[PDB]
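In structure tokens, one chain follows: the form deposited in one PDB entry.
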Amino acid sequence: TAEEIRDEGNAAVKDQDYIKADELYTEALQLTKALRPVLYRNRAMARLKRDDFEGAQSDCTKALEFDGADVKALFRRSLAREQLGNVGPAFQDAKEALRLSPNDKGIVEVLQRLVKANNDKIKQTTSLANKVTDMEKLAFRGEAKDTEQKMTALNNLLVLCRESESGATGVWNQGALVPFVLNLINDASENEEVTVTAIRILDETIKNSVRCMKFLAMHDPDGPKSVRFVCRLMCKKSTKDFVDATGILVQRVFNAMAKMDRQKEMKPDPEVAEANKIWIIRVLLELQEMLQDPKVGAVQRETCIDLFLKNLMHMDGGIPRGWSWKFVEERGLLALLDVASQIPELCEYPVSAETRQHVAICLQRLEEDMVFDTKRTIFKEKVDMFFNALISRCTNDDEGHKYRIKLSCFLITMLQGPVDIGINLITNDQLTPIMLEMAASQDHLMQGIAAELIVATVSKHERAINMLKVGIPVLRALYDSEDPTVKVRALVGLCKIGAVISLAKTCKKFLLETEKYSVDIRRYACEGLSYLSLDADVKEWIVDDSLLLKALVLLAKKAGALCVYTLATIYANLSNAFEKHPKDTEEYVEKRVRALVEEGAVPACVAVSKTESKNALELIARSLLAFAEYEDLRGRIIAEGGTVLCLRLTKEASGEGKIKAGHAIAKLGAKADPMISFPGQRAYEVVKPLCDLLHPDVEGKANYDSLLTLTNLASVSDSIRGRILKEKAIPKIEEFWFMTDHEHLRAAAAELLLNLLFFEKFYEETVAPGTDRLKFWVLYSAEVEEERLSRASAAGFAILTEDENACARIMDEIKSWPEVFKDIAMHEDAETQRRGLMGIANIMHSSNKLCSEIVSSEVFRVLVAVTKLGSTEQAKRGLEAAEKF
């Protein structure tokens, strides 16, 4: 339609929903030759309110190729270059915007900032250069006789580049940071955390898109080999943290290519995606070459699969539409299916036991990303080609045994990820004789793989029973094995369709033996016990043994993110965290939760949580929500990494698990110290979910905890207050603040709006003559049965009456002010009396007419009664105003 979309974007700006407006103007630019500058200007304003300053600068630079006399592009680019640290060109843009519109007050405020910033710019740059020179000679250029002081220099550079955009500019040092890091990575005799902290510094530095594309194209004048070096940096070392940090570097490369960020909820710009499309296809080709390269190790391959998972799918904030289609139609899907056919016992390229779930989540996300029925059909055609290619080589020879193994691995990875495609492949009647052949074999690995295939088949739907009718007794045969690798895989399935007491004892027997039984055994034991744990008797049975909980925690810390679904299902059922029997009672729920938290459930949760499964992270979020119910435990939950984990869960879980993670954060920070519980930049990113908890219409218990946590967060710094105002929270808080039969919600809303008055924009909106906010600030000071509302509103009345226009509006707009004032002057609570007399006193110091109105009123007798006996000094100050006038 190409024309109503900017109208919808303008309506989204007027609704103050700026990410929707950014997406709409990005959509409207895609349907275009003189309507483009309006789109770039309004999209620059939308990105500027979005804290996207690079994109605002880009859209203003593109909007000036049409008319260089454009005051909007100049002003918005001055703001964007201000927030990026380039104050000189910001000054020049704002100077040209001032000489083309000399009466705009916003440009005057911008010039008032930028002249003071340009007078001190050179000293700030040379001081920052001296700081990074000190820390960078002590970190990279070899002035250190100890490892931990080089570590301290690296942590200082990391905090400095995370503090400001100018800090990242100074640490970048026009591109000397990446030789200083690469000639440290290639030193194999250097410490792990040194290298990982250096790469964390580099990842923060590349968050800029221009520096990151510069970083991509600089290692070799041949483009694809520079791309290959950047993508193969993870193969330089075998440590997990190194591979994770290098994967974050490649994530930065993707985020600079498409101009996307899933952490910032930033859908990509297709103009800058098509602009450097060649770099995107080069990185995708190099990573899918890394999927099947046997010189690439296991965790590097898992990281590449996670990069495809996060980045390629356009339905999950990734690389836009047409790229995953190309990935399926070409040889990338077949590479994922070939990695799906792998086990550590039989692999062609290195594959760990965790690789299967990474492939399964990536394949499920890709099957979801094929949105139309034809592309889903092409997906099914390629998996049928791979299925038929495997099953045509399943001969009865020794060679065909490994193809039977590959076929079974393929189908298990199907049934753990894209479940319905797997169920469609199970209903082949050529498939179940292969299972009956490998189950009746002498090879124990084939017996185990048949057992885990037929437990992968057990779901709710009944058309899989076509195999399960022969699968369940065969499984009951395999439980009679004297091999534990077959016995636990047959114990799953027995636990999954259901005797139960006998099973639970068998799962406990496998799980308690920690040294002699490996994590491969205890994983399937934990999976079977997760299947059993829906019954509350076995819940109380698990909780009543402490050493079983210790064994589950040891399995979590040693197996890592391999037992996420199982342990998270255990923790969710034991905590009764699923929303809705004599033993699912809140005393018993509290007993189970306290026992879990007492023996390390939260470090187990943070140990298993390094996956991209939205469902398993939803389970972890529900577990942490049920953990954070109890007020004496939540400090230990904060101390055991719970706040950072829930801040990850509110970004990367399922859509209904984000809500549970946010309610968990609200519980954790309701009655806690926000400097300890949310230290530093964390207190920024906690503002985003908690405002989304504010539902005055739904009216749950999450609203009070969210108001208390935002009240605590609004007391630490002004940036928190501005971001609370930025997230459209003020009407949501005012809806609680207007409630009549809800005392404590109104009190918490008054406390939060009291702490938000120290932010000057909300202070100026409260004084402003549009609203009746001052009326409620005055009348809630005299609404006297609730001490806390009166204290908060009297404090706000004391603060808001050091503006004389607010004093005049309180006088002429609020009728029955003398009753309110004589009540808060005689007031029973000391804090309310003190702040109310402070407000009355600076009303009288504000004007002579208003002081003459007060002295000739009902308020004067109680003022002179207070002065003739802390709050007496404020009434004395008001009588000093009366003596002055």
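Numbering starts at 1 and runs along the sequence shown.
Might you work out how many residues are unmodelled in the deposited sequence between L869 and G870, and answer none, 1 to 3, 4 to 9, or 10 or more? Unresolved stretch here: 4 to 9 residues.
Absent coordinates between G498 and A499 - deposited residues affected, binned into four classes: Gap between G498 and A499: 10 or more residues without coordinates.
Can you tell me whether 499 to 507 has a higher mean C-alpha B factor than 411 to 419 in this record, or the other way round? Averaging CA B-factors over each stretch, the winner is 499 to 507.
Give the stretch, out of 777 to 785 and 435 to 443, with the larger mean C-alpha temperature factor in the deposited entry. Mean B over CA atoms: larger for 777 to 785.
Using the temperature factors in the entry, find which of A198, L756, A464, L567 has the highest value at its Cα atom. Largest recorded C-alpha B-factor: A464.
Out of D241, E652, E586, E271, highest CA B-factor residue: Max CA B-factor in the entry, restricted to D241, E652, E586, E271: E586.
What third of the chain, by the recorded C-alpha B-factor, contains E54? Middle third - that is where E54 ends up once the chain's C-alpha B-factors are sorted.
Considering only modelled residues of the same chain, in which third does the CA B-factor of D829 rank: lowest, middle or highest? As the PDB entry reports it, the C-alpha B-factor of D829 lands in the lowest third of its chain.
Chain-wide C-alpha B factor ranking for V538, given as lowest, middle or highest third: Top third by C-alpha B-factor.
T427 - Cα temperature factor, lowest/middle/highest third of chain: Tercile = highest for this residue's CA B-factor.
Assigned third (lowest, middle, highest) for the C-alpha B factor of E82: Within its chain, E82 is a highest-third residue by C-alpha B-factor, going by the deposited values.
The same protein has a further form, the form solved in complex with a partner chain, not shown here; the description that follows concerns it.
Partner-contacting position among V820, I854, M838, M45 - heavy atom within 4.5 Å of the partner chain in the deposited complex: Spelling it out, the residue with a heavy atom inside the cut-off is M45.
Considering non-hydrogen atoms and a 4.5 Å limit, which listed residue (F75, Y524, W777, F308) is close to the partner chain in the deposited complex? Contact with the partner chain in the deposited complex is made by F75 alone.
Partner proximity in the deposited complex: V866 to the partner chain, non-hydrogen atom cutoff 4.5 Å: Flag for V866 set to no.
In the deposited complex, does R41 come within 4.5 Å of the partner chain, counting heavy atoms only? Contact check for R41: yes, within 4.5 Å of the partner chain in the deposited complex.
So, in the deposited complex, is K49 in contact with the partner chain at a 4.5 angstroms heavy atom limit? Yes.
Answer with yes or no whether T872 is in contact with the partner chain in the deposited complex, where contact means some heavy atom within 4.5 Å. So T872 does not count as contacting the partner chain.
Thinking of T395, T485 and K487 as the candidate spot, does the partner chain come within 4.5 Å of a heavy atom on all of them in the deposited complex? Per the other structure, none of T395, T485 and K487 touch the partner chain.
Among the candidate stretches 185 to 193, 798 to 806, 600 to 608, 67 to 75, which one is within 4.5 Å of the partner chain in the deposited complex when only heavy atoms are counted? Among the listed stretches, the partner-contacting one is 67 to 75.
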